[PDB]
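Q:
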Amino acid sequence: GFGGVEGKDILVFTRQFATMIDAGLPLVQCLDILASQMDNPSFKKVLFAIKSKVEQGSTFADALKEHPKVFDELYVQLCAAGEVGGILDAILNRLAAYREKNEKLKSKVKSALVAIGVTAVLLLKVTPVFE
Amino acid sequence: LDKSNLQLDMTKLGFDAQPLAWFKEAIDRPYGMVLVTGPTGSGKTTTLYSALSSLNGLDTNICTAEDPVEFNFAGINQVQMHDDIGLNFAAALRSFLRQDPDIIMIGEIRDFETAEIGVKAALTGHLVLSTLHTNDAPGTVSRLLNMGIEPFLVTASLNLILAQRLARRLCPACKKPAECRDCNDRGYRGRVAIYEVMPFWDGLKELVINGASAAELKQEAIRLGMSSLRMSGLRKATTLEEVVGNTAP
Amino acid sequence: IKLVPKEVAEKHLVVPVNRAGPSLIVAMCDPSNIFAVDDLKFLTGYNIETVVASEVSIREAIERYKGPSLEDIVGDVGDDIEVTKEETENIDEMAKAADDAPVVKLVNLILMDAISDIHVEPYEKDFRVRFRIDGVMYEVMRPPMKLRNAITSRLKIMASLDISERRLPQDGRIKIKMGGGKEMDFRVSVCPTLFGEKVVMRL
Amino acid sequence: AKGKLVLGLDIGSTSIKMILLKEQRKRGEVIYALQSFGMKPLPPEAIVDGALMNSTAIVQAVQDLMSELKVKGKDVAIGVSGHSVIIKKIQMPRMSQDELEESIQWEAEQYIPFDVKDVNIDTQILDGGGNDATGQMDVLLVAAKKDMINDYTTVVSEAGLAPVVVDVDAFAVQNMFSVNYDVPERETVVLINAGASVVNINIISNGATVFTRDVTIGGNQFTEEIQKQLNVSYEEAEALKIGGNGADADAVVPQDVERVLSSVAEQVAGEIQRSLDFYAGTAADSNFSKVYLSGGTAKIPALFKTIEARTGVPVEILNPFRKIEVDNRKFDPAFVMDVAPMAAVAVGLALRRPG
Amino acid sequence: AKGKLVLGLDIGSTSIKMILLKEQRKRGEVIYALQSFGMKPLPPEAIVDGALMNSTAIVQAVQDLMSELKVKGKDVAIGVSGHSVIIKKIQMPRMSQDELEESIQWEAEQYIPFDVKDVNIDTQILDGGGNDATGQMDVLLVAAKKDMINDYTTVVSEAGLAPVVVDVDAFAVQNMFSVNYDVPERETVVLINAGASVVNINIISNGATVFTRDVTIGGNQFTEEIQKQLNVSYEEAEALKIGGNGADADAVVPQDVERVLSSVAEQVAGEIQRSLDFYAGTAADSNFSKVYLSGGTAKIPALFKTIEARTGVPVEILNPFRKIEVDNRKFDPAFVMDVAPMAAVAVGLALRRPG
């Protein structure tokens, strides 16, 4: 059993990859940079391992497959769809926008079915049940 | 441009005579360093790429630093290096000379902090080659000396300097090697000792030999080496891949 | 990797090992056998690029597809250079007893991956060298992009530095335990080296 | 019913060729004789990897063949691609036909890198009546994917043709020389068919095949080297090969071309030497005898002398059409000779069709 | 039943070779005689580390051997890889067969770095009838993994062959010279088989083996050094070895090659010297006598003179085929002599098969 990473931390890293890849850096050099700029070890550690698969010649989608607990099937398939169609840059931009919307939506239920769904049923009928 | 790189098949285009190209072929084999000078769009880069491409470079480690790709070479032992964000030309040359290049090609010297590394590479005894924007000898030398290489280091370690031109006669578009053997420096001087091997007469569109003798290009470690140069002198298919393929042999 | 039946690979001692530039890289022990080659051409429908390999190395790769290694890797007490090589080695042997319960002395590869001029210019380019007597010669050693990248980090790290897309060129020195040095130039990715990552070593 | 079918060169890759021989009457006598023949270069993309990728289009071509021919006949023998067939020897025990066919399938099973999913056919390298049950069985198996056969029957079905025999080229090319081979019954002969997709070697004692081997190298490789070294299109590099290499005025071009094709000449010579050495195992001590060439790739100028000196065997072009009567008023022997190598198979399964 | 089986060189690594001798009749007399032989380069990847990674393909090769041979026979003796077998001496006490086999297994148990998980066989270095129970037992054990044997029986089962003997090469190579060795009954002889995967030394008094030792070094190492020093493929480096090293025109190439192979020559000489010194323990005071060479790695030009001067022993090539009748009308003695070293084992377990 392994967990994913925080909504914040997926966000930062998907943004910064989308940014570097759309800059025309090589994918492996993009990977190196975000690992080397990371503050949490678990991120720098994974991203070295994702990069290690990319330097063996695997796609980014197949390299992220080593962390299925962090990048779900829907994420990889978006990457792999971008790689198959020659649009890796624009699907990473999409994924970065997705991850940003996901983190913002998380903070913002919780502040004051996942946790958001269970907490949102639970808040929507609490009062009317009291009543 | 239009490219895919011009070859020595360009004695078709009357630019350089076959004899001179053999002399350069020789020259490049024993690692005489050369700079191609010329005003803007006289053919510097093309000619350079032609001279490297025409040689068999399959047995030597060659080694190029450019601000962007322009150089195509049909050769295996070759490291191609391109300036990236925040790197000076000197970073790549400085770290490259570091390995073991038999031949170093600098796209064009424009920060002379790299120029300096280049002529340093010439004095260790590499075969260095590059391009420079200028139209004659005060043009270059001035241009080379103004970020701090001396003419003893450049002229003393630079072997040959070709000068390229565009000649127009109404609608012909002609690119010719207008002309230069750098002998060395002089103690107490004017410095740059230059022996002009070939000039180009535009009036007849001809390349003349102007006081060059066989005793000049002797510079050989010996008899057998010098003999090899002579044979290539007179003894030594348009595509680059095939041409390289046939200089290789 | 993909072949026809595993049985056919083992019988003919051949193994596909990649697909590049519309061609199937096929490692083959008997490249003079036109029957086997034409069988592979017909069964795959793919144009082949033949690479000769030692028979037992091909067989080994067929059966593996580097496992015993995939586990001995997760042993931090091995890579650690702070530990004397004399002892480190011992751990690798005893740890290898896990599979079959002996000590293997001298696993060539298991050691080869844990413990005058070399020119490594790009991806899928045969290495060149300068021999003490023969000078510039081509070599039977090539690495595709993944292997290149891995070498490249290996050499970089042993020399004490961290090459990356942020710092793509690297001019360090390896200290062989025998006090012997070597100058290493090195480049990751293709950002400065379009022909891919690359390294040179002046011993 | 007993029909005189027809013959196309369906796996020509460079060219779809077709031949009609039949019982020709002259002066109250009748013998097999050439009636027509036809040739059209194969449009690209119709065949990929030995399979018919564009059946309907190849149909259009074949029908062009038939109308060009001016032929009534709509039955055909044809051939599979050398790249589409596994040919190899097999040792078994002599028994009832059913037990041999099943046993044959069983032994082929491992030697076929596909499921069956395979069409299989054998013939015995020696006469079965000459040995008893349980002893001295030797069949050679021809094996093929359904998708290939089905592609071909597709093309044929649509040209309005009906197939009766789907033969293989390395042996169909021999039917023209089978009488002349049967003249020396103990001589070992090699037969090379250098095509555009493949080069076959079959080597025989008499007209008894001893073995066959198929080499990926062919004329396409020569054309492709010419194309590489002069960034030419395939067709123009092909013409440069043909007329470039053989004209009386070609004195300046065998340097430019030969230097282009020299690596292919070397690799072909090495692959043929290798095949010959891999055969040569019971007659330790002996040498070769004589050999013939077929296929248009053979027609490379001087290639016959090169193969002769390099393989240690006299390699000669041969005229297939000597096996059939040829009316000089409808065909002149000179050209007929000129396209004999391309057409060897094209009249091959053609004598198969009035068999 | 009493069959005359066949003989392949299954662990040739460089080459699968096969031999058929049998009772040949001439003028009402019958003796063992060569009937056929066959050789095909081992398809690579077929053998790795002395195991058949791949029964099925090797099968295809073996069947090529049999049809090339033109042989009826489907029974075979073969051999395991020198890298796949542990051969070593063992001292015990003479008793009942069962007690010896179990005792033998028990003593081998420590000397085998695998579980058993091992196929074991012994033979006695001296005649058991010459000693009483409890005294003077000496067997030598041959030991092997099941996975190897099972790989080999796989290959054999599929070629349609039936094995009766799985022998070992260091002793199978001797059966050709056993009579000639039995001529001097007190002479100490060495026999080197320099193969492509391994070099064996067995040293004897008469045709009584005294010991065997297997060295990882072989002809593969020479080829690999050539390949290293001229970044060549394995096959071309092999050809450069063969014809490069022995042609009359090779005057310029023994510098380029010999400088490449010199480290291997040194290391081979040192490993052979080492093995000989590790034997030489009871005859403190003595010298050697005479020795023979087998295996294609022996055929390195001048290697025999080098080993002769370097080891202090007359090392000579030998013709195995002298042990069998050879019809001059079917084989010429010159070549037969030429491939004698490669084929020594190939006719070795071959005299084992009409035993």
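Chains as they are written, first to last, in the authors' numbering: chain Ca, 71 to 182, 191 to 209; chain Bb, 284 to 462, 490 to 546, 551 to 563; chain Ba, 74 to 138, 142 to 191, 196 to 283; chain Ma, 37 to 391; chain Ml, 37 to 391.
No residue lacks a Cβ here, since even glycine has one placed at the ideal position from N, Cα and C.
Where does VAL155 (chain Ma) sit, in a helix, a strand or coil, going by DSSP?
A: In the structure shown, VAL155 (chain Ma) falls within a strand segment according to DSSP collapsed to helix, strand and coil.
Q: Tell me whether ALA304 (chain Bb) is buried or exposed, calling it buried when 16 or more other Cβ atoms sit within 10 Å of its Cβ.
A: buried
Q: Please report the Cβ distance between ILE94 (chain Ml) and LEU88 (chain Ml), rounded to the nearest whole angstrom; I am assuming they are in contact, meaning their Cβ atoms lie under 8 Å.
A: 6 Å
Q: Do you know how far the Cα of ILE185 (chain Ml) is from the Cα of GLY384 (chain Ma)?
A: 48 Å
Q: By the criterion of Cβ-Cβ separation under 7 Å, what are the contact partners of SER378 (chain Bb) in chain Ba?
A: Contact of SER378 (chain Bb) with chain Ba by beta-carbon distance below 7 Å involves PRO249, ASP251, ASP265.
Q: Is it the case that the Cβ atoms of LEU445 (chain Bb) and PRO455 (chain Bb) are separated by a distance below 8 Å?
A: no
Q: In angstroms, rounded to a whole number, what distance separates the CA positions of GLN291 (chain Ma) and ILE308 (chain Ma)?
A: 24 Å
Q: Just to confirm the assignment: which complete alpha helix (DSSP H) runs, minimum length 4, are found wholly within the stretch 67–129 of chain Ml?
A: 91–105
Q: Identify which residue in Ma:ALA285, Ma:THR347, Ma:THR318, Ma:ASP187 has its Cα closest to the Cα of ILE83 (chain Ma).
A: Ma:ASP187
Q: I need the boundaries of the alpha helix (DSSP H) containing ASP374 (chain Ml), first residue and last residue.
A: 369–374
Q: Assuming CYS149 (chain Ca) is part of the alpha helix (DSSP H), what are its boundary residues?
A: 143–155
Q: Would you verify that the beta carbon of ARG222 (chain Ma) is, or is not, closer than 8 Å to some beta carbon of chain B?
A: Among the protein chains of the structure shown, namely Ca, Bb, Ba, Ma and Ml, there is no chain B.
Q: Using beta-carbon positions only, say whether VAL216 (chain Ba) and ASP342 (chain Bb) come within less than 8 Å of one another.
A: yes
Q: For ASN229 (chain Ml), count neighbouring Cβ atoms within 10 angstroms of its own Cβ and tell me buried if that reaches 16, exposed if not.
A: buried
Q: Are the stretch 292–305 of chain Ma and the stretch 197–206 of chain Ma in contact at 8 Å, needing three or more beta carbon pairs?
A: no
Q: Determine the closest residue to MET128 (chain Ml) out of Ml:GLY254, Ml:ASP174, Ml:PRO149, with distance taken between C-alpha atoms.
A: Closest option to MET128 (chain Ml), Cα to Cα, is Ml:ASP174.
Q: Does the CB of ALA100 (chain Ba) have a neighbour CB from chain Ca at under 8 Å?
A: no
Q: Please work out which residues of its chain come closer than 7 Å, Cβ to Cβ, to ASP203 (chain Ma), disregarding the five sequence neighbours upstream and downstream, and give them in chain order.
A: Counting only Cβ-Cβ distances below 7 Å, and skipping sequence neighbours, we find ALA113, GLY115, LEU385, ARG388.
Q: Just to confirm the assignment, what range does the alpha helix (DSSP H) spanning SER542 (chain Bb) have?
A: 533–544
Q: Below 9 Å on C-beta distance, what does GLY74 (chain Ml) contact in chain Ma?
A: Listed along chain Ma, the residues sitting closer than 9 Å to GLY74 (chain Ml) by beta-carbon distance are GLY317, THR318.
Q: I'd like to know whether the C-beta of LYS257 (chain Ba) is nearer than 8 Å to at least one C-beta of chain Ma.
A: Taking a beta-carbon distance threshold of 8 Å, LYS257 (chain Ba) does not count as an interface residue toward chain Ma.
Q: If you pair each beta-carbon of the stretch 146–163 of chain Ca with each one of the stretch 129–137 of chain Ca, do three or more pairs fall below 8 Å?
A: yes
Q: Have a look at Ml:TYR68, Ml:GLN303, Ml:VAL209, Ml:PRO337 and flag the residue whose alpha-carbon is nearest the alpha-carbon of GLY118 (chain Ml).
A: Ml:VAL209
Q: Let me confirm a value: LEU162 (chain Ma) is counted as buried when at least 16 other C-beta atoms fall within 10 Å, else exposed. Which label applies?
A: exposed
Q: So with Cβ pairs under 8 Å, would you call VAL352 (chain Bb) a contact of chain Ba?
A: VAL352 (chain Bb) counts as touching chain Ba.
Q: Would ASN211 (chain Ma) and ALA179 (chain Ma) be called neighbours here (beta carbons separated by less than 8 Å)?
A: no
Q: Is the beta carbon of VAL215 (chain Ma) sitting closer than 8 Å to the one on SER325 (chain Ma)?
A: no
Q: Are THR342 (chain Ml) and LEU312 (chain Ml) touching if we call contact CB-CB under 8 Å?
A: no
Q: Using a Cβ-Cβ distance cut-off of 8 Å, determine whether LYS84 (chain Ba) contacts chain Ml.
A: yes
Q: Which residues of chain Ba have a Cβ atom closer than 7 Å to the Cβ of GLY127 (chain Ca), listed in chain order?
A: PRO224, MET225, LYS226
Q: Please report the Cβ distance between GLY390 (chain Bb) and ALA420 (chain Bb), rounded to the nearest whole angstrom; I am assuming they are in contact, meaning their Cβ atoms lie under 8 Å.
A: Not really, about 22 Å apart at Cβ, beyond 8 Å.
Q: In angstroms, rounded to a whole number, what distance separates the CA positions of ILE74 (chain Ba) and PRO89 (chain Ba)?
A: 6 Å
Q: Quick one: is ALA244 (chain Ma) buried, meaning 16 or more other Cβ sit within 10 Å of its Cβ, or exposed?
A: By the neighbour-count definition (other C-beta atoms within 10 Å, threshold 16), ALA244 (chain Ma) is an exposed residue.
Q: Skipping 5 residues on each side, what residues in its chain have a beta carbon closer than 7 Å to that of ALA239 (chain Ba)?
A: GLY252, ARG253, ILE254, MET264
Q: Decide if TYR147 (chain Ml) is buried, meaning its Cβ has at least 16 other Cβ atoms within 10 Å, or exposed.
A: exposed
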